[PDB]
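Novice: In their complex positions, the first chains:
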Amino acid sequence: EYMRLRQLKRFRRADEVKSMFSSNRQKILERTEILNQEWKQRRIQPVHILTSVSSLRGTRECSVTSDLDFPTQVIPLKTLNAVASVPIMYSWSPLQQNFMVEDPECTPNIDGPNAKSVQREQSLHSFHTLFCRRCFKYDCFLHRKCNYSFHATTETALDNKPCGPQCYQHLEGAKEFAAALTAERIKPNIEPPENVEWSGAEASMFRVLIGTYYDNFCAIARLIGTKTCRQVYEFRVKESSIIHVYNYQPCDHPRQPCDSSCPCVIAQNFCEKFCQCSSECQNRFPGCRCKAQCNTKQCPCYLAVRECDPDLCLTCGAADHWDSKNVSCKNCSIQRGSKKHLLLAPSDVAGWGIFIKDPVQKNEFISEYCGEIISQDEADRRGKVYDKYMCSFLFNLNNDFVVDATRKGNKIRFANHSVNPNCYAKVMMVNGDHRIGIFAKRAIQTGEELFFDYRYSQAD
Amino acid sequence: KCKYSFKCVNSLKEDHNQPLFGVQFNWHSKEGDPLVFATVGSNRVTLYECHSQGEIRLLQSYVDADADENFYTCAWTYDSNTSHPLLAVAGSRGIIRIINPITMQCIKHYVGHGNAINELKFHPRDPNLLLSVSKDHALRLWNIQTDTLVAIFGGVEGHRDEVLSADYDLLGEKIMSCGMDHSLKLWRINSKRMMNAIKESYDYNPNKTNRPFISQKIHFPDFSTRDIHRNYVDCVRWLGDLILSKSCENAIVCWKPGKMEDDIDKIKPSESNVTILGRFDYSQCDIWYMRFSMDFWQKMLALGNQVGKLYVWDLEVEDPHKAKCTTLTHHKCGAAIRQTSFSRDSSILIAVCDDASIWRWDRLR
């Protein structure tokens, strides 16, 4: 019964393994034949293995006391020169922006011959589910939010006359029909329509484009394939006949003030451009109108420990000349990505140290302490793993965010410590995101080993 | 039961009296040239040459006790330009020293490892490619001919812990690397990028260009697995087209990648169900950092034991692993053998204990 079937399966498997072993044996037999042929292709210089000399330099000689009955052999110890060692470290992943480490199925594609019509949750389901308006990325790793979406789920003039070819509105008695149909969604089209086959892909594309464009017909005909505008009106008629500082989390609620009922208010944070609330929202941060350099406590962004959003602060300089060096506003250099070059050398205190090649003045950006975002609990586990070998790189960014740059960081992770540091750390919220910026405490001259007070961080 | 029968000839000792890890025979020596091998220990490496008629002798002994150094591997090789045998040694600090016993002078020293180098192996097609499984949670491929770091295997999804040892295929088509992260990922050298980088390093010169050598970091291996060995795996090999990896599970499991029918060379990178065939099982061999080695013809596979016993495996016969083979015992074997090595011809094999006390055997033939 079952035992017999198991025995038969075992016999078949044994035959299979024997057969594969034999076949690989034949292949490896040919390969080892050519290998031994290559081995016998060329000889080698006769290694006499002469017993060196008899104390050529008059140094210590070897004592090879053979355990078996043989005389002890003596050979001078030919000492070899030594080489400079190197402090220990592990491999690391280069990086320049933060990385949040994680802690009937669908419709067919219009591409290809196989296409149809499907508008259950409209025809736009794949490109609307995975999205991130902040970084413009599909299923991004920077903003690993809840992502409630899952499983890939206006006035204009009338186009009178037949624009190019025959237009829909130029047809005798159809514009008023379109107007009446639009009004009801809260002479006229009496002529019989044409009969042209419409494919599923064309139907879906026309439906989506009309839903997003509405009354316009010449343009939709231009962007569609064939699709005579009169036929467009015909389908339009027929379809109706058929039927403690946190990052700025955006809020979407049109015609709704943000006051005691908004997550931005609950977090004591201003609504940013990504927020979809009313343009006259109470919590909206007014763009500071600095003349330049945004480095005085005068600017509300500077006074409240914040950077400058290019959408709000226009004349401050945080938006103009995006593709350039650090902007005039000195409160937006973290977002721009411009920093100072750091070098690596054996530290004069212990281990390795980051040695800046250029001098940095008082309160100046040096580099961003990037890494991988992990929650406080994941920060605890990662820090324990790193401290297993007694070298931690954990740093605090926000209340519930911690940057750890052991497995993935930059050259700024090799920061030494003293009671009198030459540098200090200050976190600034850039474009609704928190990014640590390293600042020099005093006028640092060229090429010295840097410092940073560990007492500021969680790991002191 | 096997058709092999070895007999011991003679032994010797060392001046330093320290554990000996790296040991191989000079398989590159052809007929006529007397057989030689090498052994390590403390900061003083020792060579030897034992003739026939049960006699042993010593030829050289190099000490490097200027610092608190230590030796781990004694990978054998040769230089094509000079046709002289070479012996590369590394460990402790992590400097790859290439001794030249003929001239008794150092040749090359290599720096760049984050910790002690644990294993060394050479490419069958190119004698200038030495694989260093460094302890800095990575593995490295050096090109001795041009003195460059050809490829740095490891990254986002590679060598979460220290890589102990990595072997080569029968023709070196694919590379597997046992490690301390329970990983047995097969960092294949079959991609076109690896061949292009090897050619570039062949025609590369650090003096010619100001920029450093553009190494290739293989963050993602072409195949990986974490469930074959419950603990960390220290030894790996390529029994034909199958895998001869070994861990602290006192068995060298002979498994194959993928299913029972799919080709290994065409296995998809996303495969997650390998199949096991058989394993050579023994006892009292639960210590770590030990190396095993077969012969040139793969018919004799040997592994050392800490008690002192020696094993030789007959794999030229048909079918997967079976039978019981033969166990070799020595009259003066009390310590732990760290590496066993046959000769190219099935006549001579020597085991080395943790006192640099080589015991050489000679087969009846």
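Specialist: Right, received. Where do you want to start? Residues are numbered from 1 along each chain as shown, chains lettered A, B, ... in the order given.

Novice: Stretch A:351-362: end-to-end distance?
Specialist: This stretch, stretch A:351-362, spans 27 Å end to end (Cα to Cα, to the nearest Å).

Novice: Residue A:84 and residue B:67, how far apart?
Specialist: The gap separating residue A:84 from residue B:67 is 10 Å, by Cβ to Cβ, to the nearest Å. Every residue, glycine included, has its C-beta placed from N, CA and C.

Novice: okay, the two: which has more neighbours?
Specialist: Looking at residue A:84 and residue B:67 with other Cβ atoms under 10 Å in any protein chain shown, you find the greater number of neighbours at residue B:67, namely 14 against 10.

Novice: doesn't residue A:403 make contact with residue A:98?
Specialist: Yes. In this structure residue A:98 lies within contact range of residue A:403 using Cβ atoms under 8 Å: 6.9 Å.

Novice: Residues in contact with both of the two, list them for me.
Specialist: Applying Cβ atoms under 8 Å, 6 or more residues apart in numbering or on different chains, one finds that residue A:98 and residue A:403 are jointly contacted by A:370-373.

Novice: Where does the stretch 301-450 of chain A get nearest to chain B, residue-wise?
Specialist: With Cβ to the nearest Cβ, the shortest gap between the stretch 301-450 of chain A and chain B falls at residue A:408, namely 7.8 Å.

Novice: just to revisit the earlier point, could I get the shared contacts of residue A:98 and residue A:403 as JSON lines with secondary structure and distance to residue A:188?
Specialist: Supplementary listing: these in JSON lines, determined by DSSP: H, G, I helix; E, B strand; the rest coil; distance: Cβ to Cβ, whole Å:
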{"residue": "A:370", "secondary structure": "coil", "distance to residue A:188": "65"}
{"residue": "A:371", "secondary structure": "coil", "distance to residue A:188": "67"}
{"residue": "A:372", "secondary structure": "strand", "distance to residue A:188": "64"}
{"residue": "A:373", "secondary structure": "strand", "distance to residue A:188": "61"}
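
Novice: can I get the residues you listed in JSON lines with distance to chain B and neighbour count?
Specialist: Converted to JSON lines, the shared contacts of residue A:98 and residue A:403 look like this (distance: Cβ to the nearest Cβ, whole Å; neighbours: other Cβ atoms under 10 Å in any protein chain shown):
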{"residue": "A:370", "distance to chain B": "15", "neighbour count": "21"}
{"residue": "A:371", "distance to chain B": "14", "neighbour count": "27"}
{"residue": "A:372", "distance to chain B": "11", "neighbour count": "22"}
{"residue": "A:373", "distance to chain B": "16", "neighbour count": "24"}
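
Novice: throw chain C onto that model:
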Amino acid sequence: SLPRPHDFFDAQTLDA
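Specialist: To build on what is shown above, here is chain C added in:
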């Protein structure tokens, strides 16, 4: 503190 970098003297010439 950082130990002595390396004894450049006496590495090999002590015996000579």
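
Novice: nearest residue to the residue nearest in space to the middle of chain C other than its sequence neighbours?
Specialist: For chain C, residue C:7 is the residue whose C-alpha lies nearest the centre (Cα atoms, centre = their mean; 1.9 Å). For residue C:7, the nearest residue in space outside its immediate sequence neighbours is residue B:66; the separation is 7.9 Å by Cβ to Cβ, 6 or more residues apart in numbering or on different chains.

Novice: what sits against the residue sitting nearest the centre point of chain B?
Specialist: To find the centre residue of chain B, average its C-alpha atoms and take the closest one (Cα atoms, centre = their mean): that gives residue B:121, at 4.7 Å. For residue B:121, the residues meeting the contact criterion (Cβ under 8 Å, 6+ apart) are B:75, B:130-131, B:165-168.

Novice: Please identify the residues of the stretch 51-200 of chain B in proximity to chain C?
Specialist: Applying Cβ under 8 Å from any Cβ of the partner chain, we find that the stretch 51-200 of chain B lies next to chain C at residue B:66.

Novice: all strands of the stretch 51-200 of chain B, in order?
Specialist: Secondary structure of the stretch 51-200 of chain B (DSSP state E, counting those that start in this stretch): strands located at B:58-63, B:73-79, B:84-90, B:97-100, B:105-106, B:117-122, B:129-134, B:139-143, B:148-153, B:163-166, B:177-179.

Novice: Can you say which of these is nearest to residue A:51?
Specialist: Put simply, out of the strands of the stretch 51-200 of chain B the one that sits nearest residue A:51 is strand B:58-63, at 5.4 Å, with distance taken as Cβ to Cβ.

Novice: can I get the CA coordinates of that closest one in CSV?
Specialist: As requested, the backbone C-alpha atoms of strand B:58-63 are provided in CSV (Å, rounded to 0.1, in the frame of the first residue of the first chain):
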residue,chain,number,x,y,z
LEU,B,58,64.1,19.1,7.1
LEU,B,59,65.2,21.8,4.6
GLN,B,60,64.1,25.2,5.7
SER,B,61,62.4,27.1,8.5
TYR,B,62,61.5,30.8,8.3
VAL,B,63,60.5,32.8,11.4
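
Novice: ok so, going back, quick one: the residue nearest to the centre of chain B and residue B:257, what's the gap?
Specialist: Residue B:121 is 20 Å from residue B:257, where distance means Cβ to Cβ.

Novice: try residue B:218
Specialist: Here the criterion is Cβ to Cβ. By it, residue B:218 lies 17 Å from residue B:257.

Novice: slot chain D in:
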Amino acid sequence: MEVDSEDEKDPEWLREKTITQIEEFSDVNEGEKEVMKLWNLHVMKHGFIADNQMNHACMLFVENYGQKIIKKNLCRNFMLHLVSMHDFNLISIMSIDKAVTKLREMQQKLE
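Specialist: One more chain to add, chain D, which I have set with the ones above:
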């Protein structure tokens, strides 16, 4: 010591991981996966954070990838993706028209 910055906005392993994650989707279409990978790789490699330049971002696709879109014949997927941003603001109808016209030359150039 000249530059040797060894800092990169889009490292190679980042691109490989993005490609793997895109191609590892379970409920996406082949053309959808291709265009999604293209856009995600473009965004990671360019690091666009400016909101207004997001509109200009829709133009950047034409600047470099036009030959690839012509060869792969991914006009419909690109048009659908380009349409699928008005729900989150940014761009406009004029930008959609400009991008469609710009790509239309490539397909017509092949035609």
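
Novice: and the contacts of residue B:121, now that chain D is part of it?
Specialist: Residues near residue B:121 by Cβ under 8 Å, 6+ apart: B:75, B:130-131, B:165-168.

Novice: Check residue A:379 too.
Specialist: Contacts for residue A:379 (Cβ under 8 Å, 6+ apart) come out as A:394, A:402, A:404.

Novice: Any chance of TSV for those residues, columns neighbour count and distance to chain C?
Specialist: What follows is the contacts of residue A:379, written out as TSV (neighbours: other Cβ atoms under 10 Å in any protein chain shown; distance: Cβ to the nearest Cβ, whole Å):
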residue	neighbour count	distance to chain C
A:394	21	25
A:402	24	31
A:404	24	27
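
Novice: from the residues you listed, which is closest to residue B:291?
Specialist: Within the contacts of residue A:379, the smallest distance to residue B:291 is 36.1 Å, found for residue A:404 (Cβ to Cβ).

Novice: which residues sit in contact with the closest one?
Specialist: Under the criterion of Cβ under 8 Å, 6+ apart, the contact partners of residue A:404 comprise A:371-372, A:374, A:379, A:382-383, A:386, A:393-395.

Novice: In strands, which of those appear?
Specialist: Within those, residues falling in strands by DSSP state E are A:372, A:374, A:394-395.

Novice: Nearest to chain D among the residues you listed?
Specialist: Out of the ones in strands among the contacts of residue A:404, the one with the shortest distance to chain D is residue A:372. That distance is 12.2 Å, counting by Cβ to the nearest Cβ.

Novice: Can you report how many residues lie near residue 1?
Specialist: The chain I'm using is chain A. Other residues lying near residue A:1 total 5 when counted by other Cβ under 10 Å.

Novice: switch to chain D, that's the one I care about
Specialist: Around residue D:1 there are 6 other residues, counting by other Cβ under 10 Å.

Novice: got a list of contacts for stretch D:29-36?
Specialist: Outside of stretch D:29-36, the residues that reach it under the criterion Cβ under 8 Å, 6+ apart are A:106-112, A:126-127, A:130, A:138, D:22-23, D:25, D:28, D:72, D:74, D:76-78, D:81.

Novice: Same question for stretch B:283-294.
Specialist: The set of residues that contact stretch B:283-294 without belonging to it, under Cβ under 8 Å, 6+ apart, is B:21, B:24, B:118-119, B:164-165, B:232, B:234-235, B:237, B:239, B:244, B:246, B:248, B:250, B:252, B:300-307, B:309, B:313, B:315, B:336-342.

Novice: Narrow the residues you listed to those that are buried.
Specialist: When neighbours are counted using 16 or more other Cβ atoms under 10 Å in any protein chain shown, the contacts of stretch B:283-294 contain these buried positions: B:21, B:24, B:118-119, B:164-165, B:232, B:234-235, B:237, B:239, B:244, B:246, B:248, B:250, B:252, B:300-306, B:309, B:313, B:315, B:336-342.
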